[PDB]
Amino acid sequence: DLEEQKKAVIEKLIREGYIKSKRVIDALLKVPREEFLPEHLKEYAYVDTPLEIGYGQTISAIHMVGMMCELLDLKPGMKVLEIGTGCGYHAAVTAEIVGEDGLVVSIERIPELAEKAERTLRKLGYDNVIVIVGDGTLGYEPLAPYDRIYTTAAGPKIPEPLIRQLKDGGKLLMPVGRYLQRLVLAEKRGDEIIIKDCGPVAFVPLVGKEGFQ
């Protein structure tokens, strides 16, 4: 059953070093992942694997969500930009970590996906997440600058808009790769960006003006 599988997968993530922070651990224990899945996939809510959720988009594996949350070095009260809402799950886990005084802005290219994610987030009480349909490779200037930015889809490059929209000291985490893809963490300092390679990954293409055709 779900609650046992959930617990099992969370202790696994801790043991293996995927997650280590209390807020990340608690966020993953609280968010009901099943609520974000189509009926027929709900029974697989705590199988640590990606799932197709429609329109050729996926919810990421739980270990990837957890690891991304850790790498992103989030804090209560932050304003975060998520590129790629999908089913809304990762946006909800981000919202738990930043808490009620924080804000998550989330851009989704597929209108039908954004509408469903918005309903799930409403239903569950996530009143600090705003999902907007648009081309996420341009970020979202009306609410910028952001403390933290991440994408759940891989671009052939880091879009310039995402860097420009980052606060000084801000950090951006995204998979990048026209072919094979690496998870990159970029930190803004002054007129420099520090980029760290965080390992090979494989996410669905980020499509837009500053991403894939």
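Just count from 1 along the sequence shown to find any residue number.
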{"property": "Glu160 - which third its CA temperature factor falls in, relative to the rest of the chain", "result": "middle"}
{"property": "Third of the chain's Cα B-factor distribution that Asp147 belongs to, per the entry", "result": "lowest"}
{"property": "CA B-factor placement of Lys167, once the chain's modelled residues are sorted into thirds", "result": "middle"}
{"property": "CA B-factor placement of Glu141, once the chain's modelled residues are sorted into thirds", "result": "middle"}
{"property": "Relative C-alpha B-factor of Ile53, binned into the chain's lowest, middle or highest third", "result": "highest"}
